[PDB]
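All residue numbers for the sequence shown refer to full-length UniProt numbering, where the first residue is 32 and numbers rise by one.
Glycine included, every Cβ here is placed at the ideal spot set by N, Cα and C.
All remarks here apply to the structure that follows.
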Amino acid sequence: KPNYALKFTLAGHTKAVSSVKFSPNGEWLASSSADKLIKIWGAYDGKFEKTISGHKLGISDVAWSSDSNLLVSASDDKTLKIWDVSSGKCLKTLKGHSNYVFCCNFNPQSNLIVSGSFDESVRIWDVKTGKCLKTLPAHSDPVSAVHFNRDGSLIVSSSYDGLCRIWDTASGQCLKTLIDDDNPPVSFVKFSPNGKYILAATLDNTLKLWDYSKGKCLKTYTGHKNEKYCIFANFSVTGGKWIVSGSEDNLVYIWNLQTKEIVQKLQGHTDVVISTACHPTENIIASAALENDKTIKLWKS
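Printed below as a string of structure tokens:
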């Protein structure tokens, strides 16, 4: 079992936090919020660094480039924006989604950005020119999450239409469609660090680990509350191999990845823990919560 303990509580966001992400170099924590702002914090002391602004409506997601120099954010303003973190500049504003953009990620090469939206599409963008390379008619409902695999050859996406789909990044073809017996909306999905699995969350209080090549559900993680919101889940691999997730009962849940047993619950948030993140080299978890909390918390084992 892990021994995560509260260290820092981080405030500033004037509205509900939507997403928190550690920089790949482990130096920083970026956060986005319905308050239209991005904030940078020291990953180890939670020391506030800077605010990044420009979006005209709330942000639902933010993600780092591989080299920890860039950010992409996804806003209800129907744009993504590429930020240079150190200068604070908006480098590109990506436009073409017809509805709120909900989710984003760079590929590991960070020449491409993938995005998903309420306009039910998945779009691939060129980082250098900021132009939309492909629009995938990916789903029949809002796209809750999008993620590249370890080499960027694949995209996984999830949607309120109950599906999880794997896409060929080069051709844009659907290579797979995953759904279990019940068709609850899929609220989140991401590739495992080695990229052989996908972790996916459904609005039926369930996380599942899938081997997407075989189309098979390997593990199920239950015990948390997730029926209304797109809560991030994570693989934790710095110490034990855990699954980490926020919950609509204001707790952060940690399961043993292999045995599926809850090993720790983190208390202290006063609203839905919408987002959690795992530090790339230390046993640190960042957690953020919604409107009645507005705080980010940093835990260490």
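Please name the residue, chosen from 320, 330, 288, that lies closest to residue 91 on a Cα-to-Cα basis. 320
Comparing C-alpha positions only, which one of 211, 68, 48, 97 sits nearest to residue 182? 97
Along the chain, where does the beta strand (DSSP E) containing residue 24 start, and where does it finish? This structure does not reach residue 24, given that the chain is present from 32 up to 332, and the question cannot be answered.
Beta-carbon contacts of residue 249 that lie in its chain and below 6 Å, excluding the five residues immediately before and after: In the same chain as residue 249, and ignoring 5 residues on each side of it, the C-beta atoms closer than 6 Å to its own belong to 240, 242, in chain order.
Would you tell me roughly how many angstroms separate the C-alpha atoms of residue 289 and residue 122, rounded to the nearest one? About 42 Å.
Going by DSSP, what residue range makes up the beta strand (DSSP E) through residue 178? 174 to 179
Anyone know if the C-beta pair for residue 169 and residue 153 falls short of 8 Å? Yes, the pair counts as a contact, with Cβ atoms nearer than the cut-off.
Backbone CA spacing between residue 285 and residue 35 [nearest angstrom]: The alpha-carbon atoms of residue 285 and residue 35 are separated by roughly 10 Å.
Starting from the Cα of residue 330, find the closest Cα among 70, 68, 77 and give me that residue. 77
Which residues share a DSSP beta bridge with residue 81? 71
Beta carbon of residue 74 nearer than 8 Å to that of residue 59: yes
Tell me the rounded alpha-carbon separation between residue 238 and residue 332. 23 Å
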